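*Asks:* need coordinates for the below:
(6 chains, ligands or ions: 16)
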Amino acid sequence: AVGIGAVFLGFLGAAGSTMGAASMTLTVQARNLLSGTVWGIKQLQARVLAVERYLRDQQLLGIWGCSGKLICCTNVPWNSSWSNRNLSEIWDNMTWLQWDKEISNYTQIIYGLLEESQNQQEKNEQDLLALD
Amino acid sequence: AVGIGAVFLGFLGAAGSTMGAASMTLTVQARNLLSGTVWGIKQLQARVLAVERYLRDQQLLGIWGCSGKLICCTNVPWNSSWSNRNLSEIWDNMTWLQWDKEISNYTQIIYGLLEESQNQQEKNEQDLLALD
Amino acid sequence: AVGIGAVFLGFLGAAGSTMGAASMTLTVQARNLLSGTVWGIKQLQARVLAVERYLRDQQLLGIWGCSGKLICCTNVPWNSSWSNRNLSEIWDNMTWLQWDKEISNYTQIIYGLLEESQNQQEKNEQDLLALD
Amino acid sequence: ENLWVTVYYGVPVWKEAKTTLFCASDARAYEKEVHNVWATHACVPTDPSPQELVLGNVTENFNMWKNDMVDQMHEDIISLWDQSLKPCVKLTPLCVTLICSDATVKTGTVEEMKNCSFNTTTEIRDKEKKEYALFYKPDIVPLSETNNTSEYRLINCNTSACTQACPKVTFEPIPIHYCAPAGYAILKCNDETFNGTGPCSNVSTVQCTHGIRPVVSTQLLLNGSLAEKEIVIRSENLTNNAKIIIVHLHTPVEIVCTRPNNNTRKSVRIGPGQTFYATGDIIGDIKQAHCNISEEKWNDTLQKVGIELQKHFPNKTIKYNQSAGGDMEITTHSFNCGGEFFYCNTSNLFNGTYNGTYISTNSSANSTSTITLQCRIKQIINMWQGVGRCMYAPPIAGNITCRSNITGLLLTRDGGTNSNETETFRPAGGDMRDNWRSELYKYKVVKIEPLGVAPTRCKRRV
Amino acid sequence: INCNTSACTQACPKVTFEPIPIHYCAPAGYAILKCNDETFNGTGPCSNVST
Amino acid sequence: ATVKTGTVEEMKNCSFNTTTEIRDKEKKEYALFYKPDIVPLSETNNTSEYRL
Ligand SMILES: *[C@@H]1O[C@H](CO)[C@@H](O[C@@H]2O[C@H](CO)[C@@H](O[C@@H]3O[C@H](CO[C@H]4O[C@H](CO)[C@@H](O)[C@H](O)[C@@H]4O)[C@@H](O)[C@H](O[C@H]4O[C@H](CO)[C@@H](O)[C@H](O)[C@@H]4O[C@H]4O[C@H](CO)[C@@H](O)[C@H](O)[C@@H]4O)[C@@H]3O)[C@H](O)[C@H]2NC(C)=O)[C@H](O)[C@H]1NC(C)=O
Ligand SMILES: *[C@@H]1O[C@H](CO)[C@@H](O[C@@H]2O[C@H](CO)[C@@H](O[C@@H]3O[C@H](CO)[C@@H](O)[C@H](O)[C@@H]3O)[C@H](O)[C@H]2NC(C)=O)[C@H](O)[C@H]1NC(C)=O
Ligand SMILES: *[C@@H]1O[C@H](CO)[C@@H](O[C@@H]2O[C@H](CO)[C@@H](O[C@@H]3O[C@H](CO)[C@@H](O)[C@H](O)[C@@H]3O)[C@H](O)[C@H]2NC(C)=O)[C@H](O)[C@H]1NC(C)=O
Ligand SMILES: *[C@@H]1O[C@H](CO)[C@@H](O[C@@H]2O[C@H](CO)[C@@H](O[C@@H]3O[C@H](CO)[C@@H](O)[C@H](O)[C@@H]3O)[C@H](O)[C@H]2NC(C)=O)[C@H](O)[C@H]1NC(C)=O
Ligand SMILES: *[C@@H]1O[C@H](CO)[C@@H](O[C@@H]2O[C@H](CO)[C@@H](O[C@@H]3O[C@H](CO)[C@@H](O)[C@H](O)[C@@H]3O)[C@H](O)[C@H]2NC(C)=O)[C@H](O)[C@H]1NC(C)=O
Ligand SMILES: *[C@@H]1O[C@H](CO)[C@@H](O)[C@H](O)[C@H]1NC(C)=O
Ligand SMILES: *[C@@H]1O[C@H](CO)[C@@H](O)[C@H](O)[C@H]1NC(C)=O
Ligand SMILES: *[C@@H]1O[C@H](CO)[C@@H](O)[C@H](O)[C@H]1NC(C)=O
Ligand SMILES: *[C@@H]1O[C@H](CO)[C@@H](O)[C@H](O)[C@H]1NC(C)=O
Ligand SMILES: *[C@@H]1O[C@H](CO)[C@@H](O)[C@H](O)[C@H]1NC(C)=O
Ligand SMILES: *[C@@H]1O[C@H](CO)[C@@H](O)[C@H](O)[C@H]1NC(C)=O
Ligand SMILES: *[C@@H]1O[C@H](CO)[C@@H](O)[C@H](O)[C@H]1NC(C)=O
Ligand SMILES: *[C@@H]1O[C@H](CO)[C@@H](O)[C@H](O)[C@H]1NC(C)=O
Ligand SMILES: *[C@@H]1O[C@H](CO)[C@@H](O)[C@H](O)[C@H]1NC(C)=O
Ligand SMILES: *[C@@H]1O[C@H](CO)[C@@H](O)[C@H](O)[C@H]1NC(C)=O
Ligand SMILES: *[C@H]1O[C@H](CO)[C@@H](O)[C@H](O)[C@H]1NC(C)=O
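*Replies:* Numbering: from 1, shown residues only, chains lettered A, B, ... in the order given. Ligands and ions are numbered 1, 2, ... in the order given. Right below this line is the structure:
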């Protein structure tokens, strides 16, 4: 109404549209997070920090795989302690805002698991490249 | 004479060599675009801006696919309104400088189309990953 | 003891563990190299330079392929002038620190070769895409 | 069996760095009043832990006298110091004809308190008031071209204009745990014996250096670290008479300094805004300013140093002379205890010289015998020889007492062709670089260089 | 009046002092939210909240 | 100067009182200056008084 421009050029528009909505749109959000006497420092710091954050996130995506697709399967199963909801509930009723209030726990557990599944994959690939 | 160093470490050397020439060389050009009291601000701003431009371009390449190859097919057909020349004319006689004077129209049309073909691909991939 | 955190959040911990050790760990090292009146300039310069170095390295990795895996085969054979050691000697006894003292010669030879094998690959891919 | 090349991103290797470090201030000196604390306001507080590494088999070459980091330290201190004093107390109005007279005279320690009357500009520029300030010795200079008259001038009037101090600012050493920028790391030697240079064996990593408190001092270095196992005698070249020997002692020695006379304080408004501070009158009796040092421990130290020193100068007696002579800034020990500036006469501290047997003989006693040095205080100083940054100290009221655990030593060497049975050492100092070099030496700064190459034989299908 | 205080200035005679609205903008990575709600006591759960 | 040749006339000997290292003390000193920087004092009448 609105549309993608307002939703993601602008921000968070889909926050209320439930997370299944996101599957068709989480693109633009990323590109618009990388935009661009003493005030020169204030401005340079702001610019630099935005860049640093951006790049740090890219580094994590790289490490875990896959990663250029923005949506990746990392071949790590869910721990049952995190499976208290149905997928339909998660995707059709819940928002990212909402999910993120509870799934906020065990963040580093996931990151650890993602990093490690990739490390194992890479070794397996090198062994196959060596055999092949 | 010249060679790649002068052409692309330096810039635009192939501009007069017609675009088919580019197929063997558009590499170095990219890497040399990422190089590095009050003058400290002038210099920091220059450095920061170069970085921001670089990264913003990388973000677009990412979004459209493919994208790490620098030359990618995006599986979008040409609109006939843009097909007033033969491929041989485009690749052997025209320069990038020259092409860019006319093909400059409809820039965002292309970008829109590229973004969308990728979005569709990604959904199709997730559906196949889900089936598989 | 130590572990990955001290070794690679901190730096160079594996330097003494011989290069075969590296095959399981060279991940974290990369992410922690991208961290973040007049002193404002000193700090901004430091931040900016760290970013520039990081990105320049990423650009080279991109150009040579493969490149998102951090460990890549580039399909370039070794020149016999560089084959004065066995692989077992290189991987099990030598360190990266040590290897790097001697293999330091011919750095650009390798880079040239890597860039070119990728350039040829890309042409071959385009010809196949054209045929296909 | 053909070998194929692979690239390894993120390999653990390095090269010598040429970059800068930063605060890393201690995050404890921070409170609302931090804006009134020198070299803390400007800094960022941090609280990082020590690193576990231990790089195992790895060894590395260190060189204390080549570590450029010390210059960074010097340059910043000069510039931080200078910047912190800009928005205040210009004393140019003071350089007027000054009139003064003797205390009582009598005891030399009382004579010095010259009552100094002068005319100063009032809040109204047209109105002038006659006021007096107590001043002593060197800042008060007989007026040029007078003839033993009551007319005097301020010392800096023939130089450049000076400042006093922003009265609100605290000058107390705060350790800065200097940290590396991303892409860099710091290495340190955990080795004893280390001559200041060479192939350290077990070499720890460092994220941030252990903080070091900057100190302005000469000769004896106070509020510093101790050798872990034994006295370390270190020099760029022991056979070069032009070099200064740096000594890290194993055990501490205690120094107690003080200024006994109760001193009152007054202030004078000069024109608008800015007030000037000066001594009203020393309000008590006038007694000497001194530093108590136990004799026992000092005579134990000189021989222990002599024993270690003897290793490089064998079959010779070690003798300790006084300074070569010069201005107090050259020959005396300097302290900033309490914020006041003391210059203390070293003799007879280093008066002795024990036979090259250095026998560690002493005995139990109920003796509390001490060696006492006497001190001369100043009001105007050239901070770090910064004549162009010259400043007047604010006066401080009441009596100053001051500890602590010392010391690092700065020594030089003498003796001609007419001895060579003994060698003579003297007090030395004046270069701020050595004061920090003394502790900075533990660390080396390196850059991490990711992305290396190795054969593997494995190949990519494509 | 100021002679017993600190020295004062007048004004650079050329400078205009007139309020100009500043439409403050967010840095990249940030966004600003606003309440379009009436009743709002100065705190609390605003309903329709514009970006 | 001497006057005479126009190229010599211009070298005006210019005496003045300047603040000494002591602000209270004043010294009478002269500096050689020529032509334009030395301006007849405003409101004087062809006198020896000048301004910068
Ligand atoms: C830095 O280092 C210096 C030393 O290099 C040190 O200086 C010494 O300070 C101490 C501080 O206590 C001084 O101690 C005083 O010394 C006097 C002198 O007496 C000596 O000589 C007489 C004869 O001339 C002998 O009889 C006597 O035994 C000593 O050898 C003492 O008299 C002082 O003790 C008495 O006086 C105190 C009050 O002043 C009383 O509280 C105390 O009870 C003692 O009373 C005695 O005398 C009284 C006289 O009225 C009498 O009524 C009492 O009944 C009793 O008999 C005290 O020991 C020492 O002399 C200083 N030495 C010198 C030469 O300077 C600095 O203090 C040190 N600075 C620091 C600490 O930083
Ligand atoms: C330094 O010199 C100054 C004088 O330039 C001394 O101040 C003067 O001290 C004398 C004696 O205390 C004062 O005389 C007294 O004046 C009061 C009234 O003010 C009168 O009631 C007493 O009977 C006596 O005449 C004199 O006024 C005072 N001058 C001032 C106010 O500047 C100062 O004490 C000397 N300081 C030292 C430590 O030597
Ligand atoms: C060397 O180290 C010793 C030991 O830390 C230092 O002694 C300390 O000196 C400071 C002076 O700033 C003392 O602070 C002072 O406290 C008094 C109240 O007693 C206050 O009135 C002062 O304005 C100031 O805050 C500090 O207490 C004291 N510490 C101890 C335990 O004695 C010494 O200053 C350091 N430097 C030198 C030159 O020795
Ligand atoms: C360095 O230390 C030596 C040894 O302590 C000093 O030499 C000695 O100094 C003392 C104190 O002056 C002398 O004692 C005095 O002698 C005079 C003259 O006979 C006498 O009148 C006094 O009552 C007192 O007894 C001592 O004789 C003298 N010589 C020795 C070998 O002890 C030397 O002065 C010190 N030098 C410095 C730099 O202070
Ligand atoms: C500019 O005017 C000044 C005076 O305001 C000239 O300086 C003066 O020059 C005369 C003649 O050289 C000096 O007279 C001499 O004084 C010395 C002792 O100083 C005496 O021994 C000689 O017998 C003679 O009387 C006069 O003192 C001196 N005044 C000063 C020192 O300022 C200056 O020469 C003139 N400059 C030019 C280039 O016209
Ligand atoms: C709010 O949720 C309801 C029920 O899921 C949905 O029909 C409605 O479109 C949502 N509104 C927005 C714009 O998020
Ligand atoms: C200019 O164009 C002509 C004809 O295509 C070509 O032969 C010539 O090499 C070109 N010169 C350069 C250096 O671009
Ligand atoms: C040092 O090398 C030896 C022999 O390869 C090895 O056993 C030891 O673990 C290494 N130590 C470290 C921590 O690098
Ligand atoms: C101060 O002013 C008084 C009165 O005007 C005068 O008598 C005295 O000499 C002046 N003192 C100085 C040193 O200017
Ligand atoms: C100021 O006077 C003192 C005493 O004569 C002298 O030593 C010093 O060099 C003088 N300074 C200058 C620059 O005139
Ligand atoms: C270096 O050697 C000393 C020997 O006492 C040992 O205590 C220390 O742990 C080693 N390295 C470190 C981490 O300090
Ligand atoms: C010890 O110090 C000397 C200079 O005093 C230096 O030349 C030497 O290399 C250092 N290391 C050794 C081997 O003692
Ligand atoms: C120090 O050396 C001088 C000669 O330069 C000598 O006269 C003096 O006695 C010596 N002082 C001592 C013995 O410490
Ligand atoms: C230092 O003390 C000695 C011994 O009293 C004396 O001879 C010398 O002149 C003094 N030097 C100073 C700095 O006054
Ligand atoms: C200046 O004088 C006025 C009038 O007495 C007084 O109220 C004010 O506090 C004075 N200011 C100072 C700082 O002396
Ligand atoms: C201590 O050593 C000095 C030489 O530095 C000597 O003159 C003195 O006699 C010695 N005293 C002791 C405690 O043996």
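
*Asks:* so what's residue 76 up against?
*Replies:* Assuming you mean chain A. Contact analysis of residue A:76 by CB atoms under 8 Å, 6 or more residues apart in numbering or on different chains lists A:110, A:113-114, A:117. Just so you know, the C-beta spots here come from the backbone N, C-alpha and C atoms, and that holds for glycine as well.

*Asks:* make it 6 Å
*Replies:* A:113, A:117 (CB atoms under 6 Å, 6 or more residues apart in numbering or on different chains).

*Asks:* sec struct for it, please.
*Replies:* On the three-state scheme (DSSP: H, G, I helix; E, B strand; the rest coil), residue A:76 is labelled coil.

*Asks:* what's the nearest residue to residue 9 if we skip its chain neighbours?
*Replies:* You didn't say which chain, so I picked chain A. Spatial nearest neighbour of residue A:9, chain neighbours left out: residue A:32 (5.3 Å); criterion: CB to CB, 6 or more residues apart in numbering or on different chains.

*Asks:* the intended chain is chain D.
*Replies:* residue C:70 (4.2 Å).

*Asks:* from the stretch 101-250 of chain D, which residue is nearest to chain F?
*Replies:* With CB to the nearest CB as the measure, residue D:157 is the residue of the stretch 101-250 of chain D nearest to chain F, at 4.2 Å.

*Asks:* about what we covered before: verify the stated contact: the residue nearest to residue D:9 with residue D:7.
*Replies:* No: contact criterion CB atoms under 6 Å: residue C:70 and residue D:7 do not qualify, at 8.5 Å.

*Asks:* more neighbours, the two?
*Replies:* residue D:7 (24 against 21; other CB atoms under 10 Å in any protein chain shown).

*Asks:* tell me who's in contact with whatever residue of chain A ends up closest to ligand 16.
*Replies:* The nearest approach of chain A to ligand 16 comes at residue A:41, 56.9 Å away (CB to the nearest ligand atom). For residue A:41, the contacting residues are residue C:40, by CB under 6 Å, 6+ apart.

*Asks:* again, only this time at 10 Å
*Replies:* By CB atoms under 10 Å, 6 or more residues apart in numbering or on different chains, the residues touching residue A:41 are B:40-41, B:44, C:37-41, C:43-44.

*Asks:* what do you get for residue D:13?
*Replies:* C:11-12, C:14-15, C:19, C:95-101, D:446-452.

*Asks:* not counting its neighbours along the chain, what's nearest residue A:23?
*Replies:* Using CB to CB, 6+ apart and skipping the chain neighbours, the partner closest in space to residue A:23 is residue B:123 (7.0 Å).

*Asks:* count the neighbours of that neighbour for me.
*Replies:* 13.

*Asks:* equivalent analysis for the one 5 residues further on, please.
*Replies:* Using other CB under 10 Å, residue B:128 is surrounded by 9 other residues.

*Asks:* please apply the same query to residue D:396.
*Replies:* Neighbours around residue D:396, by other CB under 10 Å: 15.

*Asks:* so how far is residue D:163 from it?
*Replies:* 17 Å (CB to CB, to the nearest Å).

*Asks:* just checking, next helix/strand downstream of the helix or strand where residue D:444 lies?
*Replies:* Following DSSP states H and E, one finds residue D:444 within strand D:443-448. Per DSSP H and E, the first helix or strand lying C-terminal to strand D:443-448 is strand D:452-455.
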